[PDB]
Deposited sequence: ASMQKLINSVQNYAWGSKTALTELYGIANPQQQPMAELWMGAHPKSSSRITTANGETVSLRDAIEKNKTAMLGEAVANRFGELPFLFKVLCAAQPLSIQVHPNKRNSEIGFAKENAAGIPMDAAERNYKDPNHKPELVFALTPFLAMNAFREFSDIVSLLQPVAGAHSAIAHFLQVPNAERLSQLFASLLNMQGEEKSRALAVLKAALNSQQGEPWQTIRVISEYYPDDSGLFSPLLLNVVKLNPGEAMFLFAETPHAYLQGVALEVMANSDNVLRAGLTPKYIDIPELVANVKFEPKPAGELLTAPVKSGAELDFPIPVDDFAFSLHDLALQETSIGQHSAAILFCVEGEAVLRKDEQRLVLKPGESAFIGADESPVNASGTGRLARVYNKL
């Protein structure tokens, strides 16, 4: 068939919401498992499936017909579906992460390869010799951290906890990148009574400070009461995304998803260094070597989308994938691209038409459109999200 309704994987990671996908989309969860990620794509560990037919892996379907399904551009640039499209349901706060830049990704990938670390081992931090974009788009109000605050904001936030650690006093004395770097490494490396003393100072502050980011620290502390990452909302921008707002997650930049439901667009294979809010051991020298200690003003956090007719594009400084929202009307509009696409119903209801074939998508449902089947006409109400390739 021209248009293929997707059967998608739900990853039941423990931090997932037992209700979100069900409440929002009516996805069945009789056993009340936590449902953390809904995957739409062709990841080798869990490809989406299509039916027509028997059920086949989308990955297997693409592999047998790359140019026809991916399009020439993608078949030749990437040799596979270059994006993975997720619904994320964060019921608990997740780890602080840093994605290394292109150069350092090549090195760490090679280091781990030379060490003979299986690509799907838990020890594996680098799974791609490249850096690629990651886009998060809020479906419900979405709490997160992203990037270092302006130095003067950090100074103001650290004052109430100046006595927690000498590294904090050190930074306040000269609030610059070097000392911010030293502060970040010192906090992460706190041990024993040094650590517990610092956390005691922070906890006392939680009792005499109001509003954000103190409230976020309190929320996080319920899950990570003994984590040096509790200091992080004082260093990093805490953001509350309204539904329909999005952020691009740059290289070398600490970020964390704390609560809510979001769409995420990424590559299949990524590199992750942890920077707190984790029971895993962190290699601090490596983390610090891969972080860029420069402030990012809050006014620059959201990606500014571009509206053209019924289409709202979210421009991405990368060839690997593109992301747009399409407002549906009862009169058909053409949705076309020179690549494979995944269309996901955000809300309302979508009817997709290709000549004689019609395909209905209720919210939470998605379809794969092969490059050779573009365009399709969409009508209905609400909004359709599309991941594809602009090349």
property	result
Deposited-sequence ranges lacking C-alpha coordinates, in sequence order	52 to 53
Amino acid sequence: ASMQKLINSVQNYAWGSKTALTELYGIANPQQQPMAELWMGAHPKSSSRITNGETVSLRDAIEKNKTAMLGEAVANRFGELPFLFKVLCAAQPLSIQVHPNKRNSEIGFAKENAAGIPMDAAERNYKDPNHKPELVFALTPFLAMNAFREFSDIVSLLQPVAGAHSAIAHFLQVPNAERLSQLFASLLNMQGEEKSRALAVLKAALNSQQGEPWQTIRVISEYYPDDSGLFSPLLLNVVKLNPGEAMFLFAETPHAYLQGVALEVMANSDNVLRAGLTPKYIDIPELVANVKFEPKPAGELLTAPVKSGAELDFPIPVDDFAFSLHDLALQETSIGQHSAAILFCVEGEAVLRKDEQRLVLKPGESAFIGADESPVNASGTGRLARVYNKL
From here on, numbers count along this sequence of modelled residues.
| property | result |
| --- | --- |
| Of 92 to 100 and 151 to 159, the one with larger mean CA B-factor | 151 to 159 |
| Comparing 24 to 32 with 341 to 349, the one whose average Cα B-factor in the PDB entry is higher | 24 to 32 |
| Most elevated Cα B-factor in the entry, residues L206, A167, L235, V265 | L206 |
| Residue of maximum C-alpha B factor among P82, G192, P305, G116, per deposited coordinates | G116 |
| Position of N65 among the chain's modelled residues by C-alpha B-factor, lowest, middle or highest third | highest |
| Chain thirds of CA B-factor: placement of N8 | lowest |
| Relative C-alpha B-factor of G380, binned into the chain's lowest, middle or highest third | middle |
| CA B-factor ranking of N176, expressed as a third of its chain | highest |
| Assigned third (lowest, middle, highest) for the C-alpha B factor of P44 | middle |
